[PDB]
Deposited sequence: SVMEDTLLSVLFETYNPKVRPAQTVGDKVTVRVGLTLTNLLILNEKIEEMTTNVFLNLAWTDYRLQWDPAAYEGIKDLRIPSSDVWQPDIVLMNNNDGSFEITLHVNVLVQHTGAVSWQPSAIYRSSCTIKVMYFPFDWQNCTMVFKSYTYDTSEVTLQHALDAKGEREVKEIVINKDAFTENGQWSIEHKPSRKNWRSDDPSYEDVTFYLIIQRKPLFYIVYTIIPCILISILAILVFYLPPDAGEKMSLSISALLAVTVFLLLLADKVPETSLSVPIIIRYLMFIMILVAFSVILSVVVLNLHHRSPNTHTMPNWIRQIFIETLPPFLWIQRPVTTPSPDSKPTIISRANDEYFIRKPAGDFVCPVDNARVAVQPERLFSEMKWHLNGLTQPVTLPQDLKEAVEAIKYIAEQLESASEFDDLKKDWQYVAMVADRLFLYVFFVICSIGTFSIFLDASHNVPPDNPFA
């Protein structure tokens, strides 16, 4: 028979995996914990839930799992099923769903010195509060806390994992260059690891892995930012159409309808968090308010254009403001006597028609000057608002120090 069987029989004759391997009563088991991220699957904002694939490198020491390789066939290391040896219940405390424990339950590796190393892989779904203020140009400080669910600091002591050689502590999330698919929407700016045991409860101790992830907003830029910019361009264009065309409303209210459609599109993907309003939602609301004000001002322009002297009278202040002052500043400037008296009546009617047309043209001139003023004001305010919003969005750089 292979001596591995006899070695297992010798080791597990009185072994019990229900008890921590404290050789002396009141001792502690030093457990080193490290993480290896294989593939950051997703970060769902509608649930505030991060789903990832991890390897949980654990290292501890059992005094019972000792043997001399000289007495056997040079067996320096051994592979044991994970259900036979003692195991600390190191779980993810902040898991969103009920999956506290690992998934695969790989075999453990035991050296002859008693050191036990374990690398089980698991799909973990944690929960991180999402800063929804700068969505989608934001960065997320997600957190994965690992600690023994049952054992406290008087029974185990959590440390950091070591490198490929036993010289230094990693103090960060190990990433394998092989077998790592980069997520198409997130960039790992910082991946530190720390211990943040609290002060009010001395029994608490845990190892926390932080993921500073920056989102690449190209999808939302293509599908939401550019159409909103185009609708803003159309809203500015509304004030350049002549009032007699009859398409000012048919353009402005249709731009509003397009904004409504874009908001319907955005309602599926934006986070449900009510703590703050996303900057994309603020930009959409700003565009919608601008389009509504464009509708209001185009209504005012059409009303001024369709006025007539038999329905409205020109006040002094309108004549002073919209004729004399603003157009210079806006570069806008400019028995047969029965038949005889019948011809005289025709001439009188022509005179009255010309006076009526002159007053109507004055009203139309006022409408045109007000339309140009509204065009310039709208262009300035839209450019300033969009520039300020995008300048605030572009300055949301994640901090240099990850607080490790």
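In sequence order, the deposited residues that have no C-alpha coordinates form a single range, 335-399.
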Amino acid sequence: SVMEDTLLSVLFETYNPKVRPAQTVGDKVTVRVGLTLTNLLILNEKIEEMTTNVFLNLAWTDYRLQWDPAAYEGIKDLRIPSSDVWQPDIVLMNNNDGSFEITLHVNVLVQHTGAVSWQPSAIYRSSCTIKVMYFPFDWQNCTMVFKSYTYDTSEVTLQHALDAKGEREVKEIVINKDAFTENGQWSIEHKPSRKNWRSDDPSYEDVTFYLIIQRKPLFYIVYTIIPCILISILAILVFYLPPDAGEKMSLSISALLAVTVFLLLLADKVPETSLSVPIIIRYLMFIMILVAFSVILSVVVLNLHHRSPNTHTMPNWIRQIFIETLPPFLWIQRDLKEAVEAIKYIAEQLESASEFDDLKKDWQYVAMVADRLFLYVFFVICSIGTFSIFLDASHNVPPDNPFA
From here on, numbers count along this sequence of modelled residues.
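So that the term is clear: the rigid core is the largest set of C-alpha atoms that superpose within 1.5 Å between two forms.
Core-fitted comparison in 8 other deposited structures of this protein shows that, between 258-266 and 216-224, the CA atoms farther from the shown form belong to 258-266. Taking the rigid core as the alignment reference, the C-alpha atoms of 267-275 lie farther on average from the displayed form in 8 other deposited structures of this protein than those of the other stretch among 267-275 and 296-304.
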